[PDB]
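Below you'll find only one chain, the form deposited in one PDB entry, shown as structure tokens.
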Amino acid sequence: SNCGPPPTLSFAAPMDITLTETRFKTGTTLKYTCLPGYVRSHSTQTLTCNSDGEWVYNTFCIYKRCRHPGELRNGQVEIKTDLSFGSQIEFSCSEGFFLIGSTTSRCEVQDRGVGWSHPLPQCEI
């Protein structure tokens, strides 16, 4: 009847109670917080220990979404996946227009939020 350390998470870290003992009461809960790139998903950002030595939670943090970076005059901003954290958008020009600058951008953590890694390109000539 005993669960060890919490599993560490990709999406959230614990709210600092670092003065922690080797295992945790078979009914204890754990207040968490979203990591950079993620926003709070459910009412409950928490882990919990059940009667039989396991850790259990619902994923309470989801990829934050970027702004759409606006029109690309004479080009095409193409969303591969989506516009949320970790996802790439591609730039490409039309007709005779060549593209100058980055051909990709990725929702990266920026400030306390989430922006595009590379600036928009110019679609010119």
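The first residue of the shown sequence is 1; numbering continues from there.
Although not depicted, the form deposited in another entry is the subject of the following passage.
Treating the chain as two rigid bodies that shift between the shown form and the other one, residue 100 and residue 41 fall into separate rigid parts, each C-alpha being assigned to the part whose superposition fits it better.
Compared with the form shown here, the C-alpha atoms of residue 57 and residue 82 sit at least 3 Å farther apart in that other deposited form. Put simply, residue 109 and residue 41 come closer in that other deposited form: their C-alpha atoms are 3 Å or more nearer than in the form shown.
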